[PDB]
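Numbering (the authors' numbering), first residue to last: 59 to 121.
Cβ coordinates follow ideal geometry from the N, Cα and C atoms, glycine included.
Let me begin by presenting the structure, written as structure tokens, before commenting on it.
Rendered as structure tokens:
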């Protein structure tokens, strides 16, 4: 189905190393709001809050 272009899903769990990072569970949906300058880090919003997550751990839902 057609999703927001900024809806992503987690490929792996990721546990925040504190500091404005966001912990995520494999399969969770997360809406990306922003990138750092090379897009390896994403400012994301999930059902638990907002914070930074690594691109290598997530993927956009759309194809």
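query                                                                                                    : result
Boundaries (first-last residue) of the beta strand (DSSP E) holding residue 105                          : Unbroken run through residue 105: none, as it is neither H nor E.
Proximity below 9 Å, CB of residue 68 to CB of residue 84                                                : yes
Close Cβ partners of residue 107 (< 8 Å) along its chain, the five nearest in sequence each way excluded : 80
From 61, 65, 60, 59, residue whose alpha carbon lies closest to that of residue 105                      : 65
Where residue 70 falls: helix, strand or coil (DSSP)                                                     : coil
6 Å Cβ shell around residue 118 - same chain, five flanking residues per side excluded                   : 66
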